[PDB]
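Q:
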RNA sequence: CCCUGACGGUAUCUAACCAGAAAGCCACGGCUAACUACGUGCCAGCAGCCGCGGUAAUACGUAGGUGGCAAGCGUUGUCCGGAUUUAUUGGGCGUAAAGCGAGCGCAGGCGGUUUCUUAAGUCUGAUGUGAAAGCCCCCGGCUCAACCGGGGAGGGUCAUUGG
RNA sequence: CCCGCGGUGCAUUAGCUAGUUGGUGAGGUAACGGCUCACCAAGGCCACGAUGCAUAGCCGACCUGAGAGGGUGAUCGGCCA
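Protein chains in written order, with the entry's author numbering: chain l, 2 to 137; chain e, 3 to 165; chain q, 4 to 86; chain h, 2 to 132; chain d, 2 to 202; chain p, 2 to 90.
(1) Could you tell me the alpha carbon to alpha carbon distance between residue 17 (chain h) and residue 183 (chain d), rounded to whole angstroms?
(2) Please list the segments of the beta strand (DSSP E) lying wholly inside the segment 116-167 of chain d, counting only runs of 3 or more residues, in order along the chain.
(3) Based on Cα-Cα distance, which residue from e:148, e:164 and e:78 lies nearest to residue 100 (chain h)?
(4) Inspect the CB distances between the segment 84-98 of chain d and the segment 107-114 of chain e and report whether three or more fall short of 8 Å.
(5) With DSSP as the reference, please indicate the residues paired to residue 32 (chain e) in a beta bridge.
(6) Using a Cβ cut-off of 8 Å, which residues of the segment 99-128 of chain e contact any Cβ in chain d, in chain order?
(7) Within the continuous beta strand (DSSP E) that includes residue 98 (chain e), where are the two ends?
(8) Among d:72, d:9 and d:156, which has the Cα closest to the Cα of residue 171 (chain d)?
(9) Can you give the beta carbon distance from residue 120 (chain e) to residue 140 (chain e), rounded, assuming they're within the 8 Å contact cut?
(10) Among residues of its own chain, excluding the 5 on either side of residue 9 (chain e), which ones have a beta-carbon nearer than 6 Å to its beta-carbon?
(11) If the cut-off is 9 Å on Cβ atoms, which residues from the segment 18-43 of chain q count as contacting chain l, listed in chain order?
(12) Would you kindly work out how many angstroms separate the C-alpha atoms of residue 15 (chain h) and residue 37 (chain h), rounded to a whole number?
(13) Which residues in the same chain as residue 32 (chain q) place their Cβ atom closer than 6 Å to its Cβ, once the five residues preceding and following it in sequence are excluded?
(14) Three-state secondary structure (DSSP) at residue 122 (chain l)?
(15) Around the C-beta of residue 50 (chain d), are 16 or more other C-beta atoms found within 10 angstroms, so that it is buried, or is it exposed?
(16) When the Cα atoms are used, what is the spatial distance from residue 121 (chain d) to residue 146 (chain d)?
(17) Between the segment 67-74 of chain d and the segment 122-129 of chain d, can you find at least three pairs of beta-carbon atoms closer than 8 Å?
(18) Residue 197 (chain d) versus chain e: which residues are under 7 Å apart at the beta carbon?
(19) Taking the alpha-carbon of residue 35 (chain l) as reference, which of l:108, l:118, l:71 and l:134 has the nearest alpha-carbon?
(20) Do residue 77 (chain e) and residue 45 (chain e) have their C-beta atoms within less than 8 Å of each other?
(21) Using the rule of at least 16 other Cβ atoms within 10 Å of the residue's Cβ for burial, across every protein chain shown, is residue 10 (chain p) buried or exposed?
(22) Is the beta carbon of residue 130 (chain h) sitting closer than 8 Å to the one on residue 104 (chain h)?
(23) How would you list, in chain order, the residues of chain e whose beta-carbon sits under 7 Å from the beta-carbon of residue 27 (chain d)?
(24) Could you check which residue in e:47, e:70 and e:36 has the C-alpha nearest to that of residue 56 (chain e)?
(25) At least one CB of chain e closer than 8 Å to the CB of residue 83 (chain d): is that the case?
(26) Here's a check: name, in chain order, each residue in its chain whose Cβ is nearer than 8 Å to the Cβ of residue 4 (chain p), leaving out the five neighbours to either side.
(27) If I measure Cβ to Cβ from residue 47 (chain h) and keep anything under 6 Å in the same chain, skipping five residues before and after, which residues do I get?
(28) What does DSSP give as the partner residue(s) for residue 70 (chain l) in the beta ladder?
(29) Excluding sequence positions up to five away, which residues of its chain have a Cβ less than 8 Å from the Cβ of residue 82 (chain e)?
(30) Indicate the three-state DSSP secondary structure (helix, strand or coil) for residue 70 (chain d) in the structure shown.
(31) At what residues does the alpha helix (DSSP H) containing residue 12 (chain h) begin and finish?
(32) Give the C-beta separation of residue 12 (chain d) and residue 26 (chain d) to the nearest angstrom, bearing in mind that I take them to be a contact with Cβ-Cβ under 8 Å.
(33) Nearest to residue 80 (chain h) by CA position, among h:72, h:125 and h:52, is which residue?
(34) Which partner residues does residue 47 (chain d) have in the DSSP bridge list?
(35) Report the residue from e:80, e:85, e:4 and e:32 whose alpha carbon sits nearest the alpha carbon of residue 23 (chain e).
(36) Does the count of Cβ pairs from the segment 69-86 of chain q and the segment 27-46 of chain h closer than 8 Å reach three?
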């Protein structure tokens, strides 16, 4: 533009948005829900369990859950590793991370942090998957 | 003019490319090579050639690369002034630097700059990053470098009158 | 009285009130991001012992003390009259 | 309509330089004559002759070429523009092309080169870069 | 931490001796592990700058934080270059002073001698090996208990005494005469690859 | 109630003090009017630096020292000069 | 002259004895430094982006080896950079996204040559002020360093007065 | 206590004010003043963004960037509530 056009109407940039938006929450206790309080994790209770089939061209039955969070908004979350122990109404912890298997899943549960349990064969990257060091 | 290829020259591969041509039935494949050539004293050329295997390709390219060479003036391991070289969607800015600072330059341009004996210079690519056009733009920008003596000769002045 | 107040210059704009006139003082100032100079205006109220000066006059005013809810200036002199 | 006669002068010089012929004529003005003298003193122009009949003009410039017909001015640029003016302070005077080129500055004591201004320690409006 | 491993795998991985030319690369000059004798293709220009940096870091046995702070400090001189001033500040640390003087064979031994409290600068004891020895400071050998087995023997066999080091083998005092120069200091590895390695850190 | 008092500036167990003239309502390490010298409780014969041409000017305007400031202002011979200017004229 | 320590028998210094009590986390297909075995067979699983897995997988899971850092090492969240991807510095509109279907015109933005004058912008000098602590420069003290202290510069689109 | 200048989003928020704007006098306060009264008049502010709605204590400073900038106002100091 001419610099007179710029002075009449300035430049405006684009606005960025998270991909873990249910992790900036607020309570639903006294009045309403507040957005200032960016968290690294949130916890919740799993209202179902089970399996689902991935996109094209993968092929599997990937384990997942649906979870209600402390701020009372609902999301589905992937449960990783080989073999878990999660049943209805067990309390879990979520972190960010999006799976590329199917739409609608944007979170991971963290193993070995609440009712969820670490996987019981691992020997190589136990800091993920929440396995303690074995004397073997 | 021709800097004639009769020196001690250390070449360098900058890129290779699997390139096809579909014919009746299936597919043909060649290899294209991009090579630089210089002596780390102020003479640098680029050249490319293609063949059916990688050694034959790089050979034909060094053949081509030696046919062209540029003079690349400098004033004590640092370019005389600041230039911007543009060639078809590749824009490259080059600045004089401080003594012992190094070369801060990207992949293609640093090969060109190091094989001419440049030691301290800053660069930036405000353009596309296709290796051939980056190399061509860089050489296009060195050709604009002016010696301090030539300017004083063209005008009716002496040096130490314009510096 | 070795300390000094502020005097200004402007062209009278309203003269409807009794003993009070609005004076616009005009100046140019730059843009913070871009360079060029824009013009800027602010209006002042000044006191008139007898409702003398009229529109288009080029006046000077001086700072006093609160004389009302809005007026803080008095009329020094008329420099150049409109016709 | 014409709004920048200094820019028109500069573009005449650059246009007639790139096509490499040896004369040029412009309508005269007190500022263009000043920068024609500054261009003559440093070694970009060969000569300048002043005709004047019944309107402002004119000014005739004689360009200059190397020994193998190469060009002594390589480009030329207008810095302060009507629409965004550029003022410079005594410690902000620019050095175009590491001293191998000149800048032209108007001060309270003339229209002078950028060396003569950082030797006097003043600043002003910046007209042009010629390198 | 410092390091305690086999110390000789380290030289076979950099391709440089690191131990006073006493040959760790005598037999098998290749790298450790299964794929040692069977080398493979080219190395990037990231591998080259990394390998130079690791060569210098393992020469004088320091950690990565301290290496980087020393490098950032050498950059505030602006009298000379930036790799020369670095490799020269590296030499003025009390461990190299004990190595060069000749009271110890290795640098690990010199480090343990200055750590366990057996040396003194200007009479006062100093215990920490990253100390910065300035020019003209006679460092001594704790004239309390200078009758130890290994110090005695390693003063006899002088494999290398430089042109900037002064010393007398009776009172056991040494000092730097003046600052060294690159010609006098490993003109073999680099100081430019290392400077480039820290440009994009 | 202008005062002349000490102000702590050490780390945890190595204290240092600035000699400062402050309104008495202010916090010990808060706002002050100006600084007048320095004092070091370590350094076995303790170190005092001070201007002593502003101390004599504040003293004659009604400022008042604390107990330690008076001790280290008499070891410097500033109270004698106040004595010889006021009750002598 | 004389008189007072919560920390506290704290820091510290001297003597004897013993290599004895004190190393883990991530990665190794390309980006990006570091590879071979066995198990399994589009399953179980992995992924930041490309993408792996259907009988000889350096991409899954173990073992051996190797690389990076180290009393820490990885993961998630938030912000600036890379991003000239809102471009004053520093981009564009024939066909890639982008010239209103065209005119007439109030306010605004910008304007030919020249003599004298003014000093609003512009340039420049002197004085006041822009706290202390911070970043930075020189010097000094804790065995070194973090840290602590002394003397300076810097930072205004600032005010007043003279060219 | 009064004044110049400076730091936020929305025009899918354009009209807002009736002690409101000015004068005469009286009361009142440390103090000037619509600060509050009685009378007289019809003024004041707005595209150079009034009004309304949403969000926010402000600064020395701190992180990042070649710079111009952008993002924060926790420990420590100043002002406010």
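Here a beta-carbon is modelled for each residue, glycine too, at the ideal position from N, C-alpha and C.
A: For this structure:
(1) Within the model, the alpha-carbon separation for residue 17 (chain h) versus residue 183 (chain d) is close to 56 Å.
(2) Runs found: none.
(3) With respect to the C-alpha of residue 100 (chain h), the residue from e:148, e:164 and e:78 having the closest C-alpha is e:164.
(4) These segments do not touch.
(5) Residue 32 (chain e) is bridged to e:21.
(6) Contact residues of the segment 99-128 of chain e toward chain d are 101, 102, 103, 104, 105 and 106 (C-beta to C-beta distance below 8 Å).
(7) Element bounds for residue 98 (chain e): 93-98.
(8) That would be d:156, whose Cα lies nearest to the Cα of residue 171 (chain d).
(9) In this structure residue 120 (chain e) does not touch residue 140 (chain e) by the C-beta definition: roughly 11 Å separates them, more than the 8 Å allowed.
(10) So the list reads 41, once near-sequence residues are dropped.
(11) Within the segment 18-43 of chain q, the qualifying residues are 34, 36, 37, 38, 39 and 41.
(12) If you take the alpha carbons of residue 15 (chain h) and residue 37 (chain h), they lie about 14 Å apart.
(13) For residue 32 (chain q), where only same-chain residues beyond five positions count, the Cβ hits under 6 Å are 43.
(14) Residue 122 (chain l) sits in coil when the DSSP states are folded into three classes, being neither helix nor strand.
(15) Buried: at least 16 other Cβ atoms inside 10 Å.
(16) The alpha-carbon of residue 121 (chain d) is positioned some 12 Å away from that of residue 146 (chain d).
(17) With a cut-off of 8 Å, the segment 67-74 of chain d and the segment 122-129 of chain d do not count as touching, because too few Cβ pairs lie within range.
(18) Taking a Cβ-Cβ threshold of 7 Å, the residues of chain e close to residue 197 (chain d) are 104, in chain order.
(19) Of all alpha-carbon atoms in l:108, l:118, l:71 and l:134, the one lying nearest the alpha-carbon of residue 35 (chain l) is that of l:71.
(20) The answer is no: Cβ separation not under 8 Å.
(21) Looking at its Cβ environment, which holds fewer than 16 other Cβ atoms inside 10 Å, residue 10 (chain p) is exposed.
(22) Yes, Cβ-Cβ distance for residue 130 (chain h) and residue 104 (chain h) is below 8 Å.
(23) Near residue 27 (chain d) there are no residues of chain e at all, since even the closest Cβ is about 32 Å away, more than 7 Å.
(24) Residue 56 (chain e) has its Cα closest to that of e:36, out of e:47, e:70 and e:36.
(25) Yes, its Cβ sits closer than 8 Å to a Cβ of chain e.
(26) Excluding sequence neighbours, residue 4 (chain p) sits near 22, 23, 24, 25, 64, 65, 66 and 67.
(27) Contacts found: 63 and 65.
(28) Per DSSP, l:45.
(29) Within the same chain, residue 82 (chain e) has close Cβ partners 75, 76, 98, 147, 148, 149 and 150.
(30) Three-state result, residue 70 (chain d): helix.
(31) According to the DSSP assignment, residue 12 (chain h) belongs to the alpha helix (DSSP H) that extends over 6-19.
(32) Right, the Cβ-Cβ distance comes to about 6 Å (below 8 Å), so this counts as a contact.
(33) Considering only alpha carbons, the answer is h:125.
(34) None, per the DSSP bridge assignment.
(35) In this structure, e:32 is the residue among e:80, e:85, e:4 and e:32 with its C-alpha nearest to the C-alpha of residue 23 (chain e).
(36) No, because fewer than three Cβ pairs between the segment 69-86 of chain q and the segment 27-46 of chain h fall closer than 8 Å, the two stretches do not touch.
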